[PDB]
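Chemist: So I pulled this structure from the PDB, and the sequence comes with it:
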Amino acid sequence: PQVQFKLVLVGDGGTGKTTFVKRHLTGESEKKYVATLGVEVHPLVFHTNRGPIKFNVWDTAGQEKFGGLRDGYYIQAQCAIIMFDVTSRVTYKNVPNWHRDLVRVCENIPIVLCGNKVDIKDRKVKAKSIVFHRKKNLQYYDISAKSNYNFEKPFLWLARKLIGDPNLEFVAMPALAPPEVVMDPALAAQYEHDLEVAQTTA
Amino acid sequence: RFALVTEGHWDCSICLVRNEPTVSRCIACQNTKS
Ligand SMILES: Nc1nc2c(ncn2[C@@H]2O[C@H](COP(=O)(O)OP(=O)(O)O)[C@@H](O)[C@H]2O)c(=O)[nH]1
Ligand SMILES: [Mg+2]
Ligand SMILES: [Zn+2]
């Protein structure tokens, strides 16, 4: 049997959770539908310098738009990604609510915070806002699901925490759906610069 | 090499959660061990 972790992917509706998990082509073709809970489980394999790791990513069927998710969705979650939309401030405002629900049923599992849709010029939630409200034990990454931008970074960070190996590496990128929008390198360089300065600011 | 290491423990065929040998229903999705 294989090394695998249940990863719960939560965040407001419309933030791009489904679009994001679907970039992993094999995880999409081999996804599994849980009828009793309305969940699609995507087995995402990543190949590390110490062998393969599987993140079984639990993706909702939209139920988050109307209320809290049932406990079964969170049970045995070993890691999580909280997603919000950089073009919608309310999705960031709700991040602590998702955090609370995770810690209630899962406690101190490793968690990554992802701001999605950074490919859009008219960004609203910027590096200053996210780094000002940075919470310890909560790594953050800019991501753009439609462009595959930074796709592997949440999973690499989680794998290091879960394995307890700061030197874990992915030896190759997984097969990803080809980008549907271009991530302008200038925006990427800017948002990356804005994030570094905001983190090393005195 | 330090390759990652992997008895009645069973993986749910439906949702892939690993379950204890003591249980017969999946603790997460409540489906029964095949
Ligand atoms: N420009 C851009 N649009 C995105 C991105 N991710 C999602 N969108 C769109 O956001 C809408 C909701 O996407 P979805 O994956 O269903 O979010 P979910 O409700 O959290 O699962 C859709 O119209 C997506 O096409 C992105 O990374 N960049
Ligand atoms: Mg969705
Ligand atoms: Zn199950």
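Modeler: Arrived safely. Residues are numbered from 1 along each chain as shown, chains lettered A, B, ... in the order given. Ligands and ions are numbered 1, 2, ... in the order given.
Chemist: mind listing the strands for chain B?
Modeler: For chain B, strands defined by DSSP state E occupy the ranges B:10-11, B:18-19.
Chemist: Is the last one in proximity to chain A?
Modeler: The one in question is strand B:18-19. Yes. Residues of strand B:18-19 contacting chain A under Cβ under 8 Å from any Cβ of the partner chain: residue B:18. (C-beta placed from N, C-alpha, C; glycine too.)
Chemist: give me the residue from chain B nearest ligand 1.
Modeler: residue B:15 (18.5 Å; Cβ to the nearest ligand atom).
Chemist: Could you pull up the contacting residues of that residue?
Modeler: Applying Cβ atoms under 8 Å, 6 or more residues apart in numbering or on different chains to residue B:15 gives the contacts A:32, A:34, A:37, A:39, A:41, A:58, B:26, B:28-29, B:31.
Chemist: can I get the strands of chain B in JSON lines with mean neighbour count and distance to residue A:163?
Modeler: Below are the strands of chain B laid out as JSON lines (neighbours: other Cβ atoms under 10 Å in any protein chain shown; distance: least, Cβ to Cβ, whole Å):
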{"stretch": "strand B:10-11", "mean neighbour count": "16", "distance to residue A:163": "20"}
{"stretch": "strand B:18-19", "mean neighbour count": "18", "distance to residue A:163": "17"}
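Chemist: among those, which is nearest residue A:97?
Modeler: strand B:18-19 (28.5 Å; Cβ to Cβ).
Chemist: ok, and does that closest one reach over to ligand 3?
Modeler: No. Judged by Cβ under 5 Å from the ion, strand B:18-19 makes no contact with ligand 3; its nearest approach is 7.5 Å.
Chemist: List the pairing partners of that strand within its sheet, with orientation.
Modeler: The strands beside strand B:18-19 in its sheet (DSSP bridges) come out as strand B:10-11 (antiparallel).
Chemist: Near ligand 1, which residues of chain A? Just list them.
Modeler: Contact residues, chain A versus ligand 1 (Cβ under 6 Å from any ligand atom): A:13-19, A:116-117, A:119-120, A:144-146, A:181.
Chemist: Could you check how many residues crowd around the residue nearest to residue B:17 when sequence neighbours are not counted?
Modeler: Leaving aside its sequence neighbours, residue B:17 sits nearest to residue B:28 (Cβ to Cβ, 6 or more residues apart in numbering or on different chains; 4.6 Å). Look at residue B:28: counted by other Cβ atoms under 10 Å in any protein chain shown, it has 28 neighbours.
Chemist: How about the contacts made by residue B:28?
Modeler: A:37, A:72-73, A:75-76, B:12, B:15, B:17.
Chemist: Which of those fall in helices?
Modeler: Among the contacts of residue B:28, the ones falling in helices (DSSP state H) are A:72-73.
Chemist: Columns distance to ligand 2 on top of the contacts of residue B:28, output as CSV?
Modeler: Below are the contacts of residue B:28 laid out as CSV (distance: Cβ to the ion, whole Å):
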residue, distance to ligand 2
A:37, 14
A:72, 17
A:73, 13
A:75, 20
A:76, 21
B:12, 22
B:15, 17
B:17, 20
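Chemist: Could you point out which of the contacts of residue B:28 is nearest to residue A:188?
Modeler: residue A:73 (33.1 Å).
Chemist: Contact partners for the closest one?
Modeler: Contacts of residue A:73 (Cβ under 8 Å, 6+ apart): A:8, A:37, A:39, A:58, A:60, B:28.
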